[PDB]
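Asker: Sequence plus experimental coordinates follow:
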Amino acid sequence: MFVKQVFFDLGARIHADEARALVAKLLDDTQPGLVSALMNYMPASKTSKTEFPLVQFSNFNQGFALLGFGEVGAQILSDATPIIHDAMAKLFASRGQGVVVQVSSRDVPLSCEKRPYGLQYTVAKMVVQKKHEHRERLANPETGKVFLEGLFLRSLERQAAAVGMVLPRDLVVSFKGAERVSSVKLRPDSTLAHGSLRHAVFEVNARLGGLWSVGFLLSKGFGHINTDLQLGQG
Amino acid sequence: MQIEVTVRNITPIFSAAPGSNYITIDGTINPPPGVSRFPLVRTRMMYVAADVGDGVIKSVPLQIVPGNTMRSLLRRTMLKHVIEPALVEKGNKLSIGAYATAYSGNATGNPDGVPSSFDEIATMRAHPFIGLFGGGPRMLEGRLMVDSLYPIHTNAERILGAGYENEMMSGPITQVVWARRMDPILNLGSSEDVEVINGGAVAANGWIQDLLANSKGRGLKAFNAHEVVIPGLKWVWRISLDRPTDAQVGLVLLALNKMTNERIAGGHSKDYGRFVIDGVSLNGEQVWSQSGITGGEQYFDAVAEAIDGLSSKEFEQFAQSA
RNA sequence: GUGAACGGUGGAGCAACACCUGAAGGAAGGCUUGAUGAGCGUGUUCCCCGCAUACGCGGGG
C-alpha cells in the first residue's frame, strides 16, 4: 500500500542506530507500549519480532527518519510522533540555549510492474552477512552471486508480502557490481561485526517503487533507499 | 450619455467568482473526486455569444470584472476623493445612517414600506451623488448605469461590434497562479529566530507538537490556486446615464480622472488590477490625454460649483426612515 | 292488455379590456512551490524465533 516517512530536524546529524538507541533510552521510563511498538518488541517481553519490522529508523542529513510500512506502521508513526518530538524538545532544551525540532511527513505509495528490459538500481550500506556459511558463499564468486540473487528476490518478496500487495513471481534479477566491502557493528565497543556491501548495484526487469528495503538489519537503518528518485534522476 | 473607457491592465486582473472550483497540477479544472484536488477561486466570468465558425454563435465563456464591482469602485473613488473632501472641507459631517446610505445605499436591511414625496425625489434625483446612486429606505432610483468591464476579445466581438478592426485578442487570455502557505514556525531551524518567542524553544516545540497531532482547528501551510486573466491586454468599459445633469457627468468624469490609482479587481495584496486608461470616448469622441480628461468643460465646471455648497442635510433626510 | 301505451330540453350568446417585478447593493480580505528523501563510521561468531526433529535450513537485533 503506502509507507509513511517522518523526518526530524535536530540541527545536527545523528545516525540511525544511535537514534534508535537514544529513543529507546528516553522513553524507557514512561509509556512502554509506544516504544515497544516502535521498537517492534514482543507484547510480553523485550525481544523483537522475527518477522518484517513494520517501522524502522533511517537516515536524514539534519537528523533521523522514521519509516512506517502499511496502515499499521503509519498508524504507529502517527500516534508516536508528538511524544517523540516532545522528548527531543525537552532533551535539547535541558542543555544549552535550546533548539527547535522541525518535522516532515510524507505518504509514499508502493507500486510494481513488469517490463521486458532490466533496470539499474543501486543500494548503499547493504548488509549481507549473518552466518559463517555466508562467509563460505562469499569466498567463491560463483556461489556468491546466486546467494545475492536469492537474498534480493526474497527481500522484495517478504516486504511485498508484509505490506499487503501482490508481487509478480516471474521476476528475474542480476547483480553487476560492488564498490566497497565494510563491516557494521551490532553495539558500540563490541568485537562482533557483520560483513556488508557498500554501493551495490542490481538489475531487475521489474519497476521498483520507493521505500523498498533489501537485506538484513532493516530496522537498524541499512539496505533501504527510494527507488522513485533513482528512477529518472534529476 | 455613453462613456466608452478603453483601459489596459498593467498587473493581471483577478475578480473572484463565488463558485468554489478545483484544480490538479496541470490544468483539469473541476476534476473528479479522488485526484487530490486543490481549491480554486476562478476569475468571474460571463458567457457571450461569439462567432466561433462561419456565422454560428456559441455561448463561449468570457472572464470579466462585474458591473457591481466597478459600480462600487466608481462610487468609492468619487466618495473617497471628490465628495467627502468637499464634505469635510466646509465642515459638514454625515450621520452614521447617512454614511451607510452613501456607501452601501441603505441604512438598515429593512426599508420603508411607504413611498416618499415627489419633492424629495426632485431634490435627490439629478444630483452629483444621490442622483447617480439611489437607495435609502424608499429605494430611490439611481440615474447611473454602470456596465461590466469586458476585455477586448474576439469572444466579445458581438459586444461593441463593428469596431477595432485590428488589436483584437483571439487566443487564450488566462493563467492559473499558485499560492502556497508556509508555517513560519516549521521553517526556522535556528535559536536566534526563536529567541523572540514568549516561552521560546519549548513553546515553539509545543506548537509543532500540536501540528503533529493535527497533521494526520484548521492548520496553516496550504497550497492553492487562483484563475487570473493575463496582463497587458485591452479592456473596454461602458458607463451610461439617462437624462443626466452636467454636475453628475462631471462627477463621473472626476472619479474617472483619478480612477487610475484604485483597484478594479480583488486580490489587491498581489497588486492585482492595476490599469492604465488607453482612452475615454464621450459619446464617441476621444477626451482622454496623459493629464486626465481634456474636453467636457461644462461638466467639470458644473460639478465644480456643485460640490461647493454640498451639505449633509440632504444625506440626512435621505437616510431618515419612516 | 303493466291508470298502460306516444312524446329531443331546445335553439342563440367571444371573460374581456388596460396594467413595464421592481428598486439599491464590490466575493473580499490574509497567506514563499522549492525542500524532504540522493554523498561522508563500524572488521568476526554471539542473543531468540520457526521448519524440522537435529544431517541442517531459513531470520530478528
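Answerer: Thanks, I have the structure now. Numbering: from 1, shown residues only, chains lettered A, B, ... in the order given.

Asker: how about stretch B:216-226: buried residues?
Answerer: B:225-226 (16 or more other CB atoms under 10 Å in any protein chain shown). (C-beta placed from N, C-alpha, C; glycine too.)

Asker: Extract the C-alpha set from stretch A:79-95 and format it as CSV.
Answerer: Presented in CSV, the C-alpha positions along stretch A:79-95 are these (Å, rounded to 0.1, in the frame of the first residue of the first chain):
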residue,chain,number,x,y,z
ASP,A,79,0.4,8.2,17.2
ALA,A,80,4.0,8.1,18.3
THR,A,81,5.4,11.2,16.6
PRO,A,82,4.3,14.0,19.0
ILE,A,83,5.7,12.4,22.2
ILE,A,84,8.9,11.8,20.3
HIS,A,85,9.0,15.5,19.3
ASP,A,86,8.3,16.5,22.9
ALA,A,87,11.1,14.2,24.1
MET,A,88,13.7,15.8,21.8
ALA,A,89,12.3,19.2,22.7
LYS,A,90,12.9,18.6,26.5
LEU,A,91,16.2,16.9,25.8
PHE,A,92,17.6,19.7,23.7
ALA,A,93,16.1,22.4,26.0
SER,A,94,17.5,20.9,29.1
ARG,A,95,21.1,21.6,27.9
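
Asker: what about stretch B:228-243, near RNA strand C?
Answerer: No - Stretch B:228-243 lies apart from RNA strand C when judged by CB under 7 Å from any atom of the strand; the minimum separation is 10.0 Å.

Asker: Same question for stretch A:54-70.
Answerer: Yes - contact of stretch A:54-70 with RNA strand C is found when judged by CB under 7 Å from any atom of the strand, involving A:56, A:58-62, A:65.

Asker: Run a quick check on residue A:88 versus residue A:100, I expect a contact.
Answerer: No - the pair residue A:88 / residue A:100 is not scored as a contact, 9.9 Å apart, by CB atoms under 8 Å.

Asker: Now the residues of stretch A:54-70 next to RNA strand C in JSON lines, please, with extra columns for secondary structure and distance to chain B.
Answerer: Shown next, in JSON lines, are these (DSSP: H, G, I helix; E, B strand; the rest coil; distance: CB to the nearest CB, whole Å):
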{"residue": "A:56", "secondary structure": "strand", "distance to chain B": "19"}
{"residue": "A:58", "secondary structure": "strand", "distance to chain B": "18"}
{"residue": "A:59", "secondary structure": "strand", "distance to chain B": "18"}
{"residue": "A:60", "secondary structure": "strand", "distance to chain B": "13"}
{"residue": "A:61", "secondary structure": "coil", "distance to chain B": "12"}
{"residue": "A:62", "secondary structure": "coil", "distance to chain B": "7"}
{"residue": "A:65", "secondary structure": "strand", "distance to chain B": "15"}
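
Asker: residues in contact with the residue lying closest to residue B:45 once chain neighbours are set aside?
Answerer: Nearest residue to residue B:45, sequence neighbours excluded (CB to CB, 6 or more residues apart in numbering or on different chains): residue B:63, at 4.6 Å. Applying CB atoms under 8 Å, 6 or more residues apart in numbering or on different chains to residue B:63 gives the contacts B:42-45, B:151, B:173-174, B:227, B:229.

Asker: So what does residue B:63 look like in phi/psi?
Answerer: Here is the backbone geometry of residue B:63 (degrees, to the nearest 10): phi -90, psi 130.

Asker: And the one 10 residues further on, by the same measure?
Answerer: Dihedral pair for residue B:73: phi -60, psi -50, per degrees, to the nearest 10.

Asker: Correct me if wrong, but residue B:228 is in a strand.
Answerer: Yes - using DSSP: H, G, I helix; E, B strand; the rest coil, the assignment for residue B:228 is a strand.

Asker: which of the residues in stretch B:228-237 are buried?
Answerer: Buried residues in stretch B:228-237 (16+ other CB under 10 Å): B:228-231, B:233-237.

Asker: go on, stretch A:56-72?
Answerer: For stretch A:56-72, the neighbour count (16+ other CB under 10 Å) marks A:56-60, A:63-70 as buried.
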